[PDB]
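These notes are about the structure you will find just below.
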Amino acid sequence: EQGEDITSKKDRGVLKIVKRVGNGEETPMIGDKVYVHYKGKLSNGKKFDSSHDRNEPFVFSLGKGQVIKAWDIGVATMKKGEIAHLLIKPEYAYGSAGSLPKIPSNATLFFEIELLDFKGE
Ligand SMILES: COc1cc([C@@H](C(=O)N2CCCC[C@H]2C(=O)OCc2cnn(C(C)C)c2)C2CCCCC2)cc(OC)c1OC
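Written out as structure tokens, the structure reads:
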């Protein structure tokens with residue numbers, strides 16, 4: 020329950036720590052194509068997911084809600100080369116409905132994210 024509160028409502032739903040600083044000043048804009056590696060888990064550590072388990076960069080369009088809200092918020096704060104940890108309350112992840120079978124109701128999630136690169140499509 021440590022980290023910078025990076026939510027808009029300042030409700031501590033998404034807590035962020037920079038583990039490795041990136042390069043430059045620039046962070047990605049909404050609509051940028053983003054390339055990451057990540058490892059992620061449920062706080063109840065019975066499900067761990069990883070891009071490394073394919074060794075393939077995970078790619079998505081930032082701010083489009085193609086991923087959980089906490090990602091769109093979180094990756095937008097990141098500099099290229101940055102590694103960050105996000106602790107995520109259910110309101111910014113899968114909420115009260117969850118996403119069975121992977122995600123139970125009201126789950127807290129953790130991710131380690133490396134931002135590799137972003138480009139304007
Ligand atoms: C609920 O469905 C999934 C959720 C995730 C994982 C997850 O929650 N995400 C995957 C990495 C991006 C953030 C977040 C998420 O938005 O996933 C939904 C998702 C999966 N692929 N996509 C692409 C279409 C962009 C979105 C969890 C993390 C905790 C440990 C268990 C898995 C990976 C998945 O497979 C890669 C999922 O299945 C499609």
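Adding 19 to a residue's 1-based position in the sequence shown gives its number in the deposited numbering. Using N, Cα and C, we set each Cβ at its ideal position, and we do this for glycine too.
### Query
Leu134 to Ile107, Cα distance in whole Å?
Straight-line Cα distance between these residues: approximately 18 Å.
### Message
Given this structure, state the Cα-to-Cα distance separating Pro76 from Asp136, to the nearest angstrom.
### Response
The straight-line gap from Cα to Cα measures roughly 10 Å.
### Message
Rounded to the nearest angstrom, what separates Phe67 and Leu128 at their Cα positions?
### Response
The alpha-carbon separation between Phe67 and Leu128 amounts to approximately 10 Å.
### Query
Rounded C-beta distance between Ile25 and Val37? I'm assuming under 8 Å.
11 Å between Cβ atoms; not a contact.
### Query
Under the three-state reduction of DSSP, which class applies to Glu23: helix, strand or coil?
Reduced to three states, the DSSP call for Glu23 is strand.
### Query
Heavy atom of ligand 1 less than 8 Å from the Cβ of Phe79, yes or no?
In terms of side-chain proximity, the C-beta atom of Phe79 is found nearer than 8 Å to a non-hydrogen atom of ligand 1.
### Message
Considering only heavy atoms of ligand 1, does any lie closer than 8 Å to the CB of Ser118?
### Response
Within the cutoff, so yes.
### Query
Whose CA, out of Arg31, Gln85, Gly114, lies closest to the CA of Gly50?
Minimum Cα-Cα distance from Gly50 among the listed residues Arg31, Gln85, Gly114 corresponds to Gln85.
### Task
Kindly list the residues whose CB is nearer than 7 Å to the CB of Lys121, restricted to its own chain and excluding five residues on each side of it in sequence; keep chain order.
For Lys121, where only same-chain residues beyond five positions count, the Cβ hits under 7 Å are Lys66.
### Query
Can you tell me where the beta strand (DSSP E) with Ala103 in it begins and where it stops?
Element bounds for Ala103: 102 to 107.
### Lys28 in three-state terms, based on DSSP
The answer is coil: DSSP assigns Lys28 none of H, G, I, E or B.
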